[PDB]
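Quick setup: the structure tokens below cover two forms of a single protein chain, split into structure 1 and structure 2.
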Structure 1
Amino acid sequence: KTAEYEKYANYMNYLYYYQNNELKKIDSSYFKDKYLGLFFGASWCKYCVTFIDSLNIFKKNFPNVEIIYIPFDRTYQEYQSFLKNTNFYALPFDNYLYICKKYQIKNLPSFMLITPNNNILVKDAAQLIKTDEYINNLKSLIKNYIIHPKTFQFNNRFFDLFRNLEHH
């Protein structure tokens, strides 16, 4: 149990990103108390690639929402090229079907907005960000959202977000 739970306490302790052809990492603690935008995608997914343009517009208007790529690339080579092209933070290249199942994600691309306490602010944020009324409406939604304190298992926000049992 000890070895397994030490791994859980350390689960997702780094997120990754590219910077001038160089793979970098950041402590997951940086994301504590931040709104997140979870982008489920893959290099081989035509409309995931075009969706990058929508995410760039989103980041311009919501710079403090941290975009995290949840990858479904076929190869690590595609994963690296996707990170280099988008400059998004990303989960390490791995199998994330379990995240799809937990959130009932039906297809790619998908985009979900997550509150600092791991609630779903907008489930289908890919459709939210299609037309221009979203900008002021989302500013209002974030401004008005009341964040009630939540303690996460292992004090690990990503373990709670991706590994809690509440979907059952």
Structure 2
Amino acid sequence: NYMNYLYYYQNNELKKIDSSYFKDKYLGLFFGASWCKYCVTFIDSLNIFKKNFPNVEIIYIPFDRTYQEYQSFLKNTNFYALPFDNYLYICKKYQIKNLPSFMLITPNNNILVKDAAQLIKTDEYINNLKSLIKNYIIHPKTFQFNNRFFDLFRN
């Protein structure tokens, strides 16, 4: 069993969502931490991104020291998030240097834009990205129990 639930805040309650919800969706993997000053700044770029690409689900991959930092971060954003844990193995799989990082993922787990944090910080990208998404043709992929995250995060 791997990564059965993700989490979010709604109605002043911490809530869970079955990870099967994310099947067949484009994803934006946001690696960050509440203690990382540039990660907090990056939220402003992510919010512009989301309005222009509303079908992309933003997922917070956390590197907070404490659970209470994590809860604060989840509350102040409205993002979905992995459960609070140690995710350095995800950094290792994709050879992630620093925080913040932001990867765009297609519905079959293939990477659309690996270095998307630097792209969306140029603040002049919407037109190329829209044509990129238009021109990249996707072959769907099924996963057991409609859970894509073992393939995405583990070997």
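For residue numbers, the reference is structure 1: its sequence is counted from 1. Whichever C-alpha set is largest while still superposing within 1.5 Å between the two forms counts as the rigid core. Residues that one form lacks are left out of the comparison.
Enquirer: With the two forms aligned on their rigid core, point out which item of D33, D124, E133, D53 shifts its C-alpha by 2 Å or more between structure 1 and structure 2.
Expert: Result of the comparison: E133.
Enquirer: Kindly check if the Cα atom of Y17 is displaced 2 angstroms or more between structure 1 and structure 2 relative to the superposed rigid core.
Expert: Superposed on the core, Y17 moves its C-alpha less than 2 Å between structure 1 and structure 2.
Enquirer: If I superpose the two forms on their rigid core, does the C-alpha of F154 end up displaced by 2 Å or more between structure 1 and structure 2?
Expert: Superposed on the core, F154 moves its C-alpha 2 Å or more between structure 1 and structure 2.
Enquirer: To one decimal place, what C-alpha displacement in Å is found for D73 between structure 1 and structure 2 with the rigid core superposed?
Expert: After core superposition, the C-alpha of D73 moves 0.2 Å between structure 1 and structure 2.
Enquirer: Where the rigid core has been superposed, how far does the Cα of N144 end up moving between structure 1 and structure 2, given in Å?
Expert: With the cores aligned, its C-alpha sits 1.3 Å away.
Enquirer: Can you list, in sequence order, the runs of 3 or more consecutive shared residues with C-alpha shifts of 2 Å or more between structure 1 and structure 2 on the rigid core?
Expert: Flagged stretches (3+ res, CA at least 2 Å): 131-133, 149-156.
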